[PDB]
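The structure appears below as structure tokens.
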Amino acid sequence: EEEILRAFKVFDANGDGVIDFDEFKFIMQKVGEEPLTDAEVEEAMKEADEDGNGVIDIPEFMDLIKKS
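Taking UniProt numbering as reference, the numbering of the sequence shown is continuous, increasing by one, and the terminal residue is 155.
As structure tokens, this is what we get:
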């Protein structure tokens, strides 16, 4: 819970428990202006979405890391 909550619960942009692709682009570096490389943000959200919809709740993230 310290490991998985550390990474996903810090990443959760809205504070309700879900992350989307465009809000991942928002939280990527900043709070305001854009300072980017698309490859980092695109690779990270492709690795984290299990369903192909473009949204993530904590249960998805923890299954793709913790399965073993």
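For every residue, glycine included, the Cβ atom is placed at its ideal position computed from N, Cα and C.
Distance check for residue j and residue i, CA to CA, integer angstroms please.
i, j, result
"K154", "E110", "26 Å"
"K133", "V97", "18 Å"
"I114", "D150", "23 Å"
"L123", "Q116", "8 Å"
"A135", "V142", "9 Å"
Which residue's Cα is closest to the Cα of residue i: the options?
i, options, result
"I152", "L123, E137 and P122", "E137"
"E147", "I106, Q116 and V118", "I106"
Which residues in the same chain as residue i place their Cβ atom closer than 8 Å to its Cβ, once the five residues preceding and following it in sequence are excluded?
i, result
"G104", "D144 and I145"
Near residue i, which residues of its chain fall below 7 Å by C-beta distance, leaving aside the five closest residues on each side in sequence?
i, result
"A100", "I106, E110, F113 and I114"
Cβ contact (3+ pairs, closer than 8 Å) linking the segment 115 to 129 and the segment 91 to 103: no
Beta strand (DSSP E) runs contained entirely in the segment 90 to 136, provided each spans 3 or more residues: 105 to 107
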